[PDB]
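Okay, structure first, notes after.
Number of protein chains: 2
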Amino acid sequence: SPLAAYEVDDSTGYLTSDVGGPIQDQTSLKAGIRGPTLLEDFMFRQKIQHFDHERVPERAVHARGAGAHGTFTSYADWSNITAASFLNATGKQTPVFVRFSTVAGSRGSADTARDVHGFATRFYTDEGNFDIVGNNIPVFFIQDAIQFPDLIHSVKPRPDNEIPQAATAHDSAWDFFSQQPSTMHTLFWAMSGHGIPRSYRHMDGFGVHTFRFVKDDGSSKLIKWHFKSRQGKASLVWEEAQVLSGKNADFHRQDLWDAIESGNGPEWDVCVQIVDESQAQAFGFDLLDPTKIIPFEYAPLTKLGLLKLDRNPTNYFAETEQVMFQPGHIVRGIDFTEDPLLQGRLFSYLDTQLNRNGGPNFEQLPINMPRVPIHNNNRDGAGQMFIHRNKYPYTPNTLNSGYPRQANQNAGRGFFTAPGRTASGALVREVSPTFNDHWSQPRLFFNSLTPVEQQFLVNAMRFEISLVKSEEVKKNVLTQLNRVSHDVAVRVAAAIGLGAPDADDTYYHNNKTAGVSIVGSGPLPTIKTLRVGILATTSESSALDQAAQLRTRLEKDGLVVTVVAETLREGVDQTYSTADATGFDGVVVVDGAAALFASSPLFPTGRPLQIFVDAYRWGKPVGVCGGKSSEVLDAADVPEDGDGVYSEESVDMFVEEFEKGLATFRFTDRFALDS
Amino acid sequence: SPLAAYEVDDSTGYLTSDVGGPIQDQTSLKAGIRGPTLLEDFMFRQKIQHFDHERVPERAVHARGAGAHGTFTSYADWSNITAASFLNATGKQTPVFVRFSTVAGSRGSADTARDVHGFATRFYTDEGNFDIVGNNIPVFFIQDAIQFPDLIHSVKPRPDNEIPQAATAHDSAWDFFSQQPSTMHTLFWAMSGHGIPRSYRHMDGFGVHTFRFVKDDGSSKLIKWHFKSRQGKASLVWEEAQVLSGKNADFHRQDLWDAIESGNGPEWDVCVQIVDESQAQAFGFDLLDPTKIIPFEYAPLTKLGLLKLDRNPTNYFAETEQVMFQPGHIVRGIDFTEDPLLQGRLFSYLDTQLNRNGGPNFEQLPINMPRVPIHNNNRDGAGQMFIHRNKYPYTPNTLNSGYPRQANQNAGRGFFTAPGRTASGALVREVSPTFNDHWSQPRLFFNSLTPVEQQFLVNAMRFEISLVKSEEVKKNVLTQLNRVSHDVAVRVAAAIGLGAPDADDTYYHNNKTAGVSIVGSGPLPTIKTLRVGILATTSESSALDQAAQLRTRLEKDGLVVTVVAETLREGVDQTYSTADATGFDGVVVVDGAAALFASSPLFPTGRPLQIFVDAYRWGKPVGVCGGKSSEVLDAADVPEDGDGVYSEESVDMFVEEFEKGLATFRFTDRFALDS
Ligand code: HDD
Ligand code: HDD
Ligand SMILES: [Ca+2]
Ligand SMILES: [Ca+2]
Ligand SMILES: [Ca+2]
Ligand SMILES: [Ca+2]
Ligand SMILES: [Ca+2]
Ligand SMILES: [Ca+2]
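The listed protein sequences correspond, in order, to chains B and D.
Letter by letter, the first sequence follows residues 21 to 618, 622 to 698 of the deposited numbering.
Letter by letter, the second sequence follows residues 21 to 618, 622 to 698 of the deposited numbering.
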């Protein structure tokens, strides 16, 4: 609605200045034809001044990201647990905007870096804008907001040379992790496949903190936000992620964009765990501690409604870059908790938009505006876009009849702090002892992964820690890893040539929890949008017929099909020169193209075979369609009897097998395990 | 050392606020131990406010870059051609700071994107700061500064989705190139190896524009700046660059940093072509036209002095990010020309620092300060650091005795405009007809590359244009390419499924010029700093002994040696898990490791062999040392008799052959050519 009035159409008409004067903008005004440019050329200067000033500071964290518009729909009337208006009726729709992100990388860094990921949702409710500023991992590195600059300095590039971009694989980061043991839980998550998701659509969103749901009668409950993907959970493998960072730094934002443009807008079930106030310390840890989850088995999920993203921005800068989220954007029916991480966040997000926007009127940016009337006595500031009629903007007043009126629990649907909340004791800068177990939950997480998944995590740690130059930091890292799992410490130690310390079993246990494994979460529930590369050739006209037949059968099922050949022509989407295994979720070679899989000026040596080999090694469904073709499989050293390897002459039988493979998504039997 | 007055040491002492009050910063102040955070916690708020506000806008162009300090030394007394003080004596030293960059990518994008590259040099002279803001390519896309936002909007990401990062491989860019034919010359350069340099040290720098040298007696000459690399010219191949974008986005800045830290600081001969004013239109084009070079044969290079970079920054942000170059930073003895591109730049660089710095006192930033006194009547502004004693800052004054004094041609060593310069004619927004030949010099450039080099350029074009979705744009691209070379248009057309238009020979010629070929610029003159990966194993104690012996022999000659094996231990630098062929200029397998070249939980399947195969296909010197070669060479499909393939038992004989290979740098026989 506020976005509508600000849309600007330039599909017709003559070029104007910003003040509506028709102009030209292609040649400077000069003193003679070979002469110097004139100062009086206002056309030149308004244009270049605009350009010179296009850039704004990137966000201090979550700089790299992308967004889309959509809709949230409540499944019910939730007034029995919260007064929140956007949740007060079956079927009620509220517009949203969501921005997904990495954390550590700058603008222009690669989508498929290993990192924590942001998932930020604005609900433009009929009682004000409500932001849930979440991550794809349910726990956070630190226990007090005052530590955030310490964390972020450590994981961002070394400040002498600004190396390395968008990576925790350097001394400073592991120095911090090894010296601040709270970090263990999030570190384990980030080193799992949760650090390299297949897409923004294939990860979940978490509020992380415990919040409160507050009823109109003042009573409250403690809650965790969970956004559960309806597309299923899925990851890249690390080697794939690295190549993909170079071949397509825009992989995640292109995936999101394309899914929306094809009518496959991603969906999430917006859910909570709800527990009584008396359960703050019932589960063997403290619900004020943002390094802990409530295990699935302790508190079930309640589905509140549906989040769907279904429209892409018109202007990335105006909408995506300028959207300014705040946990301070709260509505009646929600309240904060005394989580020391959350508490400090409230300050940060209000302050940081002054940096980004360069002035205090950032909530007037159309993407930031609400969809209800604004009544308040805030005035002036740079970039003030309103013209206020109330000339007595103070309370209390008689000269504007006491308007605007105070809103509170009993008037005007005012926000109110949960009336049960209290404080007692000295004013201290001390950590609660209830926050001290940094290791049990990391172990819970690790115990809940499948064997190959645990191997992947060990291999990510081996990769990163092997890049750490300081022997002391490496020792220190092993000391912390050892407190979570001796086994992990032994396995990682083996790769970096140190001895693991002796087992210290204080926090060791064998318990598991459901819902945190990617590998173990079963087949994807939909294969729409998944990418199938078909490797073909122009040399055999039968190869293009085989590709065409495959295309029709696969596209029928909503898969995105790329036929590859030496050169472009009708039916061919990409050349071998531009193609890569990171571009596909499954790879099919047509029989007719067998000759390519053994030199050409049109593509680098061995490219067709390399795509097939890479896809196989990265765990993808691969196959040959045509029938007499032990060839290609032989050339690739891919076993015909392999899980997730397909050979059929029949196109229909091939597609039916292959689609089951796409759902399985990764064939993990192809990865070696430690003894 | 050069900015030593501004350094802050934190290697001792207790934590303070910014106003020197000792504090803590690890725990928020709270109302009880499980209580909410207090607004009175000033420790929290000053720390988080600083953090929230760390970021500044990235540069509008050349956002991604890196810098170092050094020294310029004049070879002579140049007062006979220029009054410039920093050039007025044999042996005179001036400190410098240089920043290299890409153009289009945002600040965390990959060093090894295909792009134009910046080379910006500040001389902190004894008569003021003098900046030469150059590129690694001697010509620019456009002929008028007013077009710059058109060019940069077209090559930067599409503004609806902000895709794709750091790449010209999309519709908008080729739409612009095909509709603005001036772009052809720079386009050809960027599609050559000049678009993917091996390092900042292995490229040249160019002022691009014609400037003037002005003597103390008012006479002037026209000049082009050339910075000639003393390390030699060298390129990546495109497939290599793509992988390297993912494996090491920091490749160029790490290369520069390491070379400096190892005592191998890169050097350039700072040179000019000098011609009389009467030659402005003598060479068949206009010296005011920044799309044209002066061919080497038409005007020789004069070496003015030596630029050496030999000290790395202390703080990246404070020095590299905050350095604010301007072509407006000129000194007595230099002057501008009526180049409409240059002319507009002068406005832009003064204005844009207001965006970056947020305030007008950006020249007071330590990196921007001069090394001589400032006397002027500029006052106040946000961030004013000076405390001025002159309380009569106006001219003319008697109350400060007429100080500061006016400086000009005849007093105070004032800058002065070259007195011979004039203007004549109407005030016009028209393009000089002398600028109209957009195609002859692109053809000159292309004619001057070796056959494999021409193929590479064709292959870059094939790659990019094949990614363009609009058939109309592709047709339009072929129309412009055809005006440069029919052959080029035919070869590119073959990859994208279209017929090239009929030959239009208006601008076709067979002239060549020296010095623009990378392939043809002979062997590198030094191999110091080049990277040699030695692939070994921990399974065989003889393989590590072979590696150690190779290390000693190679390090003796200044090469950077990486021994790779399954795991880290004494003498092993990297694991196979972290190694890649993009990490090395040459790859050596020790024959004790032959068993690895045919699965492990410690690295991805086939990684050892993949490193060798990739290095070979990317044209690098590769070899097996020990005398048993055939097993490794067979598995890799590398011929023993191949150019740049080495097999010797003798360590000394192996190294002697291999080092000649490193100098050759690339073995171009391994790349297929079009019929
Ligand atoms: C004390 C500071 C601080 C602390 C403890 C955190 N953050 Fe934060 N976060 C910021 C300070 C901040 C910030 C500096 O205020 C940012 C950058 C730009 C912005 O709007 O706020 C930000 C951005 C930011 C974004 C990007 C929103 C967007 O797309 O624009 C997400 C998703 C999060 N954060 C999520 C979290 C989560 C889940 C945290 C812990 C549970 C968290 N942050 C702790
Ligand atoms: C009309 C605008 C315009 C035009 C025609 C040009 N530039 Fe520019 N250039 C800028 C506007 C600009 C700028 C927007 O004002 C920048 C951005 C950041 C800065 O400090 O200046 C810039 C940055 C910039 C940098 C980065 C300096 C650094 O590392 O900080 C280099 C090396 C160049 N340019 C080089 C060139 C060359 C060789 C050009 C043509 C021959 C050129 N620019 C034309
Ligand atoms: Ca570090
Ligand atoms: Ca995984
Ligand atoms: Ca400002
Ligand atoms: Ca209240
Ligand atoms: Ca485009
Ligand atoms: Ca080249």
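Every residue, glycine too, gets a C-beta built ideally from N, C-alpha and C.
- Check the Cβ-Cβ distances between D/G52 and every residue of chain B, and say whether any is below 8 Å. yes
- Task: Pick helix, strand or coil for B/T418, following the three-state DSSP scheme.
- Result: coil
- Quick one: any contact between the region 507-520 of chain D and the region 289-300 of chain D, if contact means 3 or more CB pairs under 8 Å? no
- Ranges of the alpha helix (DSSP H) found wholly within the region 325-354 of chain B, counting only runs of at least 4: none
- Item | Whole-angstrom distance between D/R409 and D/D29, CA atom to CA atom | 31 Å
- Are any of the Cβ atoms in chain B nearer than 8 Å to that of D/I354? no
- Message: Any heavy atom of ligand 8 inside 7 Å of the beta-carbon of D/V539?
- Response: yes
- In or out: D/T110 buried (at least 16 other Cβ within 10 Å) or exposed? exposed
- Where the alpha helix (DSSP H) through B/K643 begins and ends: Looking at the DSSP string, B/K643 is not in any alpha helix (DSSP H), and its letter there is neither H nor E.
- Query: Leaving out five residues before and five after D/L49 in sequence, what residues of the same chain have Cβ atoms less than 6 Å from its Cβ?
  - Reply: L58 and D61
- Where does B/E287 sit, in a helix, a strand or coil, going by DSSP? strand
- Item | Reduced DSSP category for B/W459 - H, G, I as helix; E, B as strand; rest coil | coil
- Which chain D residues sit within Cβ distance under 9 Å of B/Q569? Per Cβ cutoff of 9 Å: no residues; B/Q569 is ~21 Å from chain D at best.
- Message: Strictly below 8 Å CB to CB, what residues from chain D border B/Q475?
- Response: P624
- Nonlocal neighbours in the same chain, by C-beta distance under 7 Å from B/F303, ignoring five residues either side: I314 and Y318
- Using a Cβ-Cβ cut-off of 7 Å (strictly less than) and excluding sequence neighbours within five positions of B/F455, which residues of its own chain qualify? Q163, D306 and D309
- Task: Tell me whether D/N332 is buried or exposed, calling it buried when 16 or more other Cβ atoms sit within 10 Å of its Cβ.
- Result: buried
- If you draw a straight line from the alpha carbon of D/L447 to that of B/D45, how long is it in whole angstroms? 16 Å
- Query: Just to confirm, are B/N181 and D/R75 a CB contact at a threshold of 8 Å?
  - Reply: no
- Query: Would you call the CB atoms of D/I101 and D/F233 closer than 8 Å?
  - Reply: yes
- Message: Let me confirm a value: D/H395 is counted as buried when at least 16 other C-beta atoms fall within 10 Å, else exposed. Which label applies?
- Response: exposed
- Message: Please identify the residue among B/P521, B/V504 and B/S505 whose C-alpha is closest to the C-alpha of B/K495.
- Response: B/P521
- Same chain, Cβ closer than 8 Å to D/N428, neighbours up to 5 away in sequence not counted: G434 and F436
- Item | Alpha-carbon to alpha-carbon, D/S94 and D/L477 | 37 Å
- Using a threshold of 7 Å, is the CB atom of B/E260 nearer than that to any non-hydrogen atom of ligand 4? no
- Item | Environment of ligand 5 in chain order, Cβ to heavy atom below 5 Å | B/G378 and D/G378
- Message: For residue 620 of chain B and B/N335, what's the separation of their Cα atoms in angstroms?
- Response: Since the model of chain B passes from 618 to 622 in one step, residue 620 of chain B is not part of what is shown.
- Run the CB neighbour count on D/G85, radius 10 Å, all protein chains shown included, and call it buried at 16 or more, exposed below. buried
- Message: Residues around ligand 3, please: the ones whose beta-carbon is closer than 6 Å to some heavy atom of it, in chain order.
- Response: B/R178, B/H190, B/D191 and B/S192
- Inter-residue spacing [alpha-carbon to alpha-carbon] between D/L588 and D/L469: 44 Å
- Task: Indicate whether the contact test is met: 3 or more Cβ pairs, each with one atom in the region 549-560 of chain B and one in the region 590-606 of chain B, closer than 8 Å.
- Result: yes
- Have a look at B/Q262 and B/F617 and give me their C-alpha separation to the nearest angstrom. 25 Å
- Task: Could you work out which residues of chain D lie near B/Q274, taking near to mean beta carbons separated by less than 9 Å?
- Result: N181, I183 and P184
- Message: I'd like to confirm the pairing. Which residues does DSSP put opposite B/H246 in its beta bridges?
- Response: B/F226 and B/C291
- Task: For D/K489, name the three-state secondary structure that DSSP assigns.
- Result: coil
- Would a C-beta distance cut-off of 8 Å place B/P22 and B/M389 closer than the cut-off? yes
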